[PDB]
Amino acid sequence: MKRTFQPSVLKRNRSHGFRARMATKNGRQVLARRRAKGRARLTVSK
Amino acid sequence: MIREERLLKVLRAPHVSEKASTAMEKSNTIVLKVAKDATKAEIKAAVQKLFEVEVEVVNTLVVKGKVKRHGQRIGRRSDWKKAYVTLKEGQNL
Amino acid sequence: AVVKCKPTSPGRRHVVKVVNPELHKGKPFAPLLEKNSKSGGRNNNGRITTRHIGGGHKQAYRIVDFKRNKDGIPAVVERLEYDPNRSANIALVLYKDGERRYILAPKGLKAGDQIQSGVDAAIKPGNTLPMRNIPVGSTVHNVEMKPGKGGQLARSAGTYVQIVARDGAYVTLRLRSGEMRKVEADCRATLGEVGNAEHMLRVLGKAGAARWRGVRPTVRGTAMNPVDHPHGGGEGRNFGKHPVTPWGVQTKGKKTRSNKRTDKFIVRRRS
RNA sequence: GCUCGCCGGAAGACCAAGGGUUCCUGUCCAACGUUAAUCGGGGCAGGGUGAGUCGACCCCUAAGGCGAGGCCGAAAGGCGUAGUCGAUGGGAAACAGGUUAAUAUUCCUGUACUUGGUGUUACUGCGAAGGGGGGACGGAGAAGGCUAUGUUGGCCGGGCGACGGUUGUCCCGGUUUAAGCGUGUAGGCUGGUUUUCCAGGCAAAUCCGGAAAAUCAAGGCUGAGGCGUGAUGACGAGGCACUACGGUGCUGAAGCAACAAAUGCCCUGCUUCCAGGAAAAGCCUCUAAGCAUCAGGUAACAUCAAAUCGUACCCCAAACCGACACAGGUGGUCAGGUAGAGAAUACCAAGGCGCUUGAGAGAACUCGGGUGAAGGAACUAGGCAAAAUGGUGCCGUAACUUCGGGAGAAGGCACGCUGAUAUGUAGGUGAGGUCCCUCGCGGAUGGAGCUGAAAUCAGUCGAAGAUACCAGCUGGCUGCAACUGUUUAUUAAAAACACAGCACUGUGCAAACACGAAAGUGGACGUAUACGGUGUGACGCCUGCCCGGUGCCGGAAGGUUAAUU
RNA sequence: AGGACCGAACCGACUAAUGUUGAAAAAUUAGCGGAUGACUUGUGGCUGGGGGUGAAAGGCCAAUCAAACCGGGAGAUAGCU
Ligand SMILES: [Mg+2]
Ligand SMILES: [Mg+2]
Ligand SMILES: [Mg+2]
Ligand SMILES: [Mg+2]
Ligand SMILES: [Mg+2]
Ligand SMILES: [Mg+2]
Ligand SMILES: [Mg+2]
Ligand SMILES: [Mg+2]
Ligand SMILES: [Mg+2]
Ligand SMILES: [Mg+2]
Ligand SMILES: [Mg+2]
Ligand SMILES: [Mg+2]
Ligand SMILES: [Mg+2]
Ligand SMILES: [Mg+2]
Ligand SMILES: [Mg+2]
Ligand SMILES: [Mg+2]
Ligand SMILES: [Mg+2]
Ligand SMILES: [Mg+2]
Ligand SMILES: [Mg+2]
Ligand SMILES: [Mg+2]
Ligand SMILES: [Mg+2]
Ligand SMILES: [Mg+2]
Ligand SMILES: [Mg+2]
Ligand SMILES: [Mg+2]
Ligand SMILES: [Mg+2]
Ligand SMILES: [Mg+2]
Ligand SMILES: [Mg+2]
Ligand SMILES: [Mg+2]
Ligand SMILES: [Mg+2]
Ligand SMILES: [Mg+2]
Ligand SMILES: [Mg+2]
Ligand SMILES: [Mg+2]
Ligand SMILES: [Mg+2]
Ligand SMILES: [Mg+2]
Ligand SMILES: [Mg+2]
Ligand SMILES: [Mg+2]
Ligand SMILES: [Mg+2]
Ligand SMILES: [Mg+2]
Ligand SMILES: [Mg+2]
Ligand SMILES: [Mg+2]
Ligand SMILES: [Mg+2]
Ligand SMILES: [Mg+2]
Ligand SMILES: [Mg+2]
Ligand SMILES: [Mg+2]
Ligand SMILES: [Mg+2]
Ligand SMILES: [Mg+2]
Ligand SMILES: [Mg+2]
Ligand SMILES: [Mg+2]
Ligand SMILES: [Mg+2]
Ligand SMILES: [Mg+2]
Ligand SMILES: [Mg+2]
Ligand SMILES: [Mg+2]
Ligand SMILES: [Mg+2]
Ligand SMILES: [Mg+2]
Ligand SMILES: [Mg+2]
Ligand SMILES: [Mg+2]
Ligand SMILES: [Mg+2]
Ligand SMILES: [Mg+2]
Ligand SMILES: [Mg+2]
Ligand SMILES: [Mg+2]
Ligand SMILES: [Mg+2]
Ligand SMILES: [Mg+2]
Ligand SMILES: [Mg+2]
Ligand SMILES: [Mg+2]
Ligand SMILES: [Mg+2]
Ligand SMILES: [Mg+2]
Ligand SMILES: [Mg+2]
Ligand SMILES: [Mg+2]
Ligand SMILES: [Mg+2]
Ligand SMILES: [Mg+2]
Ligand SMILES: [Mg+2]
Ligand SMILES: [Mg+2]
Ligand SMILES: [Mg+2]
Ligand SMILES: [Mg+2]
Ligand SMILES: [Mg+2]
Ligand SMILES: [Mg+2]
Ligand SMILES: [Mg+2]
Ligand SMILES: [Mg+2]
Ligand SMILES: [Mg+2]
Ligand SMILES: [Mg+2]
Ligand SMILES: [Mg+2]
Ligand SMILES: [Mg+2]
Ligand SMILES: [Mg+2]
Ligand SMILES: [Mg+2]
Ligand SMILES: [Mg+2]
Ligand SMILES: [Mg+2]
Ligand SMILES: [Mg+2]
Ligand SMILES: [Mg+2]
Ligand SMILES: [Mg+2]
Ligand SMILES: [Mg+2]
Ligand SMILES: [Mg+2]
Ligand SMILES: [Mg+2]
C-alpha cells in the first residue's frame with residue numbers, strides 16, 4: 001500500500017537542508033555535533 | 001571583447017567519435033571538449049581566433065561523469081562540456 | 001421572501017430559504033473589494049483558538065463605509081447587493097461628486113432613494129446624524145461609541161437601537177440585548193432598522209448547508225473520554241457532573257464579564 | 001522464421017514527481033537472475049543528451065516564511081512594520097518533413113514568429129515609487145455552430161485465387177499535408193459621436209467617475225471553423241537496382257466527395273442558483289516633480305543580441321515508494337473498429353506481451369470451477385455459501401404517507417431472421433439548377449445524392465430470439481437510529497459520532513472565550529437576527545411534581561475572619 | 001432542482017473463501033457502499049509531545065501512542081527471577 005516515505009526533493013531540502021539547519025541555533029548545534037563526530041555528509045543537501 | 005588568456009584557456013581538446021566524424025562530413029561541424037564554464041560566445045571567439053575560421057553558431061551540452069567502481073571502490077568521473085561548432089561552409093579545418 | 005422547499009429529497013424536506021428578488025444579480029463593484037482568506041480558527045501561533053471553524057465558500061470582502069463622514073453631499077442608492085460577509089444587505093450609493101460607496105441597507109431603502117450625512121441631514125432612514133441632533137425616541141442603527149470611530153452597535157440584520165434619554169453630553173441607548181448604555185452625544189447613528197429582517201426565519205435544512213458557511217461539527221463533551229473533556233467517560237450514558245466548558249469553567253449561569261474600565265457606561269445590564 | 005494464445009480506457013503511447021547511466025554498441029558468464037544461459041536493467045570498455053520559441057532561470061504575486069528599525073521577553077528568544085522571498089497560479093515568441101545504433105519542436109531542409117539594444121529618416125510633449133482600466137476568476141444546466149475522428153462512395157495501383165463458385169453490386173491497399181500569413185463567417189457583448197461643467201480618484205490629469213446638451217442612429221470590441229496561400233513543395237501505394245540480408249540508391253499514381261460525430265473548440269460565452277465565487281505584475285492609459293527646439297515618445301528601415309542550466313533512459317514500473325526482478329501504491333495527457341446507452345462488457349487494430357524452473361503421471365486430500373436422479377432448508381447458531389432474479393418498450397401495481405414517495409412495488413406480454421407497406425418509410429443532411437440583390441463565408445426555391453429509426457402485416461428456423469459477455473431476487477411483521485454522511489489505518493461500520501432543529505447560558509466590543517510569562521494573535525475587518533459553551537437530536541403530540549442535598553445566581557442587617565496598625 | 005435515483009473511472013471496505021514460515025508486516029478472488037458532494041485528488045504551507053489534531057474510536061501524530069522518536073541524567077531502582 002502507501003508507505004511512509006514519499007520522496008520530494010523540494011520538501012527534503014526545505015526541511016533538512018543546510019540553510020534550514022543554519023537558520024536556527026538548534027540547527028547550528030546539530031551541524032556542530034555532526035562536524036565534531038566527523039560525518040562525511042553534514043546534511044541532506046549532498 | 002574576450003582577452004587572449006581566456007580564449008587560450010576555454011578550448012581543451014577535439015572530440016573523437018563516429019557521431020563527431022559524421023557531423024564533420026555532413027554538416028561542417030567540429031566537436032570540442034571545452035572548459036566547463038565556457039560560454040557560447042567565448043567558444044565562438046576562441047575558435048575564430050585560434051583556428052582562423054568563421055563560425056555561425058555553437059551548440060553546447062554538459063556531459064555527466066560516469067560512476068565507476070575500481071577494485072571495489074566507488075569513483076565518479078568529472079562532468080565536462082561538449083560543443084558542436086558549425087563552420088561557414090567554406091572552411092574545412 | 002420566505003419560501004419552503006418541496007420535499008423532493010430528505011435534504012430538501014425542511015429547507016426554508018429567504019430570497020430577495022431586489023438583490024443585484026451581477027458581479028459586485030470591483031474598486032471596493034479586497035481579498036480575505038480564511039483562518040480556520042487558527043491564530044498566529046497556528047493553534048485552534050476558536051473551535052468549529054473551517055472550510056466553507058470562498059468570499060471577497062466588500063469595504064463598507066461604517067463611518068459615513070462625507071457630510072453635506074447627497075447620494076442616491078444605485079442597487080441593493082448581497083454581502084457574503086454579514087447578515088445584512090449592503091446598498092451601493094453614488095454621491096453627487098461621482099464617488100461610490102457601500103453602506104448597510106436600512107429597512108425600506110430601495111434603489112433611487114436619497115441619503116445624506118451630517119448635522120443638517122433630514123430625519124429619514126439612511127441619513128446619518130450626530131446623536132445630539134437625532135430626536136429622543138428615534139430608532140437608529142450603525143451606532144458609534146467613540147466619535148469618529150465608526151458605527152459598531154446594531155449592524156446585524158433586523159437590529160436597531162432605541163434612544164431613550166439625552167441628559168448632558170451623553171445619550172442613553174436601549175441596546176438590542178436589553179442593556180441600557182450611555183454614549184457620547186457626539187457619536188453618529190443612522191436612522192431606521194437594518195434591513196433583511198427575515199434573515200432569522202431561514203432554516204438550513206441539512207448539515208451540508210452549515211458546512212457551506214464554514215461551520216464544522218460540534219462534538220458533545222459527554223461523548224468524549226475523560227482525558228479530553230471534564231464531561232468525558234462513563235459506561236453507557238453517565239453525566240453526574242456540573243456542566244462546564246472544556247476548560248473547567250462552569251458553563252450554565254456563571255457570569256464572565258469583568259471590565260471596571262467600562263463599568264461606568266452601563267446603566268443597566270441586559271437581564 | 002512460421003504457426004498458437006493474452007491485453008487493447010491497457011498489460012499501448014507521452015509526460016510530471018522520483019531515480020541517475022539503468023539508454024546504445026562491443027565483449028565476458030566467476031558472483032547476481034529463485035533453474036540453464038550463448039541472454040540481461042549483471043561485469044568490463046567505448047559512445048550517447050545540441051534550443052532566442054520546450055522547461056527552469058527571469059518579471060509578478062497566494063498560503064506561508066524571513067524580517068532593518070520597532071514592540072515584547074531571566075538569557076536563548078517571540079511577534080511584527082517597511083521590505084524581501086515563496087507556485088501548485090498570472091507574464092513574448094515554431095511549425096511540417098528528413099535523419100542516428102543511441103537526441104531532436106534542440107540537428108538538417110523548407111517556411112515562420114517574439115523581445116530587446118543600437119544606428120539613420122520623418123514627425124512629435126516625454127516623464128512615477130502616484131491615478132484609472134485591464135489582467136480577474138463560482139456551481140449547475142442547455143442548446144446551437146464546428147473540428148479532431150470514423151464510415152461509405154468516387155479515384156488510383158494491384159488481384160482473378162490450394163476446394164464448389166468468383167470480370168463483378170468482386171477482393172486488398174492508398175486516398176496525407178502544419179505553424180505562419182490574408183479574409184472575416186456561425187455566435188457573444190455593447191449605442192455611438194462631439195461640446196460644456198464638476199464637493200470624487202491623497203496633488204495633478206486631456207485619463208476614470210459624475211452632470212447637462214446636441215446630433216447620429218450604426219459604430220466598435222470579440223470570435224471557432226471554412227476558404228486562399230504556405231504547397232509546381234513535402235509525403236505518398238508501389239515499382240526498379242543493390243550491398244549484402246541490417247538496410248542502402250532511384251522513381252513515384254491517386255491524393256476528392258457525402259455522411260456521422262465528441263467529454264475537444266466557439267465558451268473566461270449564454271441561462272440560472274445561492275453557498276456569492278485569488279492576488280500582483282506584464283499590458284493600455286493619465287498626469288506630478290522634472291526636462292524642455294536636449295532628452296524621451298511614435299513610425300519606417302538596417303544591424304546586432306537572446307546568455308546559463310535540463311534534455312539519455314524508466315515512468316501504473318524489473319529502473320519510483322514497498323528489505324526482493326515483491327499479485328500492493330503512484331498525479332496528468334491521448335482515446336481506432338464491430339455490437340452497446342456507455343471510458344461497462346466481448347472480440348479485434350495500432351502497439352505490446354506469453355508473466356526466468358521445466359518434463360511426466362493422472363492416487364488420497366486441499367484449492368478454483370462444471371453437471372447432477374428423487375426431495376427441496378430436512379443443513380445450520382443463522383439459508384453462511386451457492387443457486388436464482390437480471391435488458392428495452394408497453395400494460396399494471398397495495399397498506400401507509402411528511403402527499404414527494406412507497407414503486408423498478410408485485411405481476412404480465414412482445415423481442416430472431418426475411419419480405420412488403422416503402423426496389424429505404426418518418427426524420428436528418430443537402431448538390432446541381434433557377435431566381436434575388438445589399439454580389440457574397442449572402443437570401444429564396446429546389447430537390448439529386450447520402451443517411452436513417454420506429455411500427456404494422458405476412459412468412460420462416462430452432463428445444464430456446466434481452467440466446468454469449470453483461471445484467472434487481474421478491475413480499476410480510478417488528479426493534480433501533482429520522483434521513484446523505486463519520487468512525488476503532490491493521491479482528492468492532494453499529495443502535496456509536498455528526499447532523500438540520502430545539503433549549504439553557506455567557507458575551508455591549510479593547511466582547512465573552514482560546515493560544516501566549518508578554519507583545520500580540522484568533523473570535524472578526526464580525527457587533528446580540530452576532531459570537532462562545534453545554535445538553536438534546538428531523539418531524540408529529542408532548543415535556544408532569546420536588547429548590548431538602550450539591551451547584552449556580554442575587555442580597556448584605558448580623559456573626560466569624562488575612563495582610564496591615 | 002437535488003448532501004435525488006441506477007451505474008463505470010475514482011474513493012471506500014459489508015460478507016465469504018484463500019493466504020497465515022503469505023505473492024503481501026493487512027493482500028487476492030467473487031460479490032458489496034458512495035459515486036455533483038459534509039465528494040475526491042496533485043502541489044506547497046501551518047499546528048509539536050502532557051503538546052498537536054480528532055463528525056470522538058483513547059483514534060492518529062513516519063509499520064511505534066492511556067503520552068512519539070533521538071541523545072543525556074544513567075551503571076535510575078529491582079526486599080524479584
Ligand atoms: Mg541552431
Ligand atoms: Mg484587486
Ligand atoms: Mg462553536
Ligand atoms: Mg449544535
Ligand atoms: Mg466513547
Ligand atoms: Mg487535546
Ligand atoms: Mg478531568
Ligand atoms: Mg447505565
Ligand atoms: Mg445516577
Ligand atoms: Mg519468436
Ligand atoms: Mg483476446
Ligand atoms: Mg529528476
Ligand atoms: Mg552500471
Ligand atoms: Mg539495454
Ligand atoms: Mg550487452
Ligand atoms: Mg544461474
Ligand atoms: Mg556453466
Ligand atoms: Mg549492463
Ligand atoms: Mg541547452
Ligand atoms: Mg516558454
Ligand atoms: Mg507575505
Ligand atoms: Mg517575524
Ligand atoms: Mg531587530
Ligand atoms: Mg519576488
Ligand atoms: Mg508553476
Ligand atoms: Mg508559465
Ligand atoms: Mg529514444
Ligand atoms: Mg496599477
Ligand atoms: Mg485564475
Ligand atoms: Mg456563471
Ligand atoms: Mg463553471
Ligand atoms: Mg472532418
Ligand atoms: Mg482536416
Ligand atoms: Mg483495377
Ligand atoms: Mg476452384
Ligand atoms: Mg476499398
Ligand atoms: Mg490547407
Ligand atoms: Mg468622462
Ligand atoms: Mg463529464
Ligand atoms: Mg526523451
Ligand atoms: Mg506503461
Ligand atoms: Mg519475475
Ligand atoms: Mg510490481
Ligand atoms: Mg471502444
Ligand atoms: Mg447491453
Ligand atoms: Mg474493458
Ligand atoms: Mg498487432
Ligand atoms: Mg485432478
Ligand atoms: Mg471441488
Ligand atoms: Mg453449478
Ligand atoms: Mg439434484
Ligand atoms: Mg431435477
Ligand atoms: Mg419447491
Ligand atoms: Mg422455506
Ligand atoms: Mg432446521
Ligand atoms: Mg438439526
Ligand atoms: Mg431456525
Ligand atoms: Mg448470501
Ligand atoms: Mg451466483
Ligand atoms: Mg425483465
Ligand atoms: Mg415498507
Ligand atoms: Mg418490472
Ligand atoms: Mg427522406
Ligand atoms: Mg452532418
Ligand atoms: Mg411495538
Ligand atoms: Mg423485541
Ligand atoms: Mg443512521
Ligand atoms: Mg449510510
Ligand atoms: Mg477521514
Ligand atoms: Mg475509514
Ligand atoms: Mg478495524
Ligand atoms: Mg426560535
Ligand atoms: Mg482584538
Ligand atoms: Mg443523544
Ligand atoms: Mg433555598
Ligand atoms: Mg453568594
Ligand atoms: Mg446521489
Ligand atoms: Mg443511493
Ligand atoms: Mg489513486
Ligand atoms: Mg471491518
Ligand atoms: Mg474487491
Ligand atoms: Mg461500485
Ligand atoms: Mg450509485
Ligand atoms: Mg521530552
Ligand atoms: Mg472506552
Ligand atoms: Mg522512526
Ligand atoms: Mg502508526
Ligand atoms: Mg508519563
Ligand atoms: Mg543519578
Ligand atoms: Mg539514558
Ligand atoms: Mg541496569
Ligand atoms: Mg518480599
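Just so it is clear: chains get the letters A, B, ... in the order the sequence lines come, proteins before strands, and each one is counted from 1.
- Under the Watson-Crick or G-U wobble criterion, with both distances below 3.5 Å, D:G97 is paired with D:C108.
- In terms of position on RNA chain D, the residue among C:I73 and C:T245 whose nearest nucleotide sits closer to the 5' end is C:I73.
- Distances shorter than 4.0 Å separate none of the side-chain N or O atoms of C:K206 from OP1 or OP2 on D:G485.
- Counting any heavy atom pair closer than 4.0 Å across all strands shown, C:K149 reaches sugar-phosphate atoms only and no base atom.
- The backbone N or O of C:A60 sits less than 3.5 Å from a side-chain atom of C:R62, completing a donor-acceptor pair.
- Taking the nucleotide of RNA chain D with the nearest heavy atom to each of C:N36 and C:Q250, the more 5' of the two is matched to C:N36.
- The aromatic ring of C:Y61 is stacked on the base of D:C525, with the two ring centres less than 5.5 Å apart and the planes inclined by under 30°.
- Distances shown here put a side-chain N or O of C:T262 below 4.0 Å from the OP1 or OP2 atom of D:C509.
- Rounded to whole Å, the P atom of D:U21 lies 37 Å from the corresponding atom of D:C7.
- Put simply, the side chain of A:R34 gets close to the backbone of A:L42: a donor and an acceptor are under 3.5 Å apart.
- Side-chain atoms of C:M131 and C:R188, non-hydrogen and from C-beta on, never get closer than 4.5 Å to each other.
- Pairing of D:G354, defined by two Watson-Crick or G-U wobble distances under 3.5 Å, is identified with D:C4.
- At least one side-chain nitrogen or oxygen of B:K82 sits closer than 4.0 Å to the OP1 or OP2 atom of D:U49.
- By the Watson-Crick or G-U wobble test, with both distances required under 3.5 Å, D:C235 and D:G255 count as a base pair.
- At a threshold of 4.0 angstrom between heavy atoms, the contacts of C:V203 are confined to the sugar-phosphate backbone, with no base atom among them.
- Residue A:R19 is out of contact with every strand shown, counting any heavy-atom pair closer than 4.0 Å.
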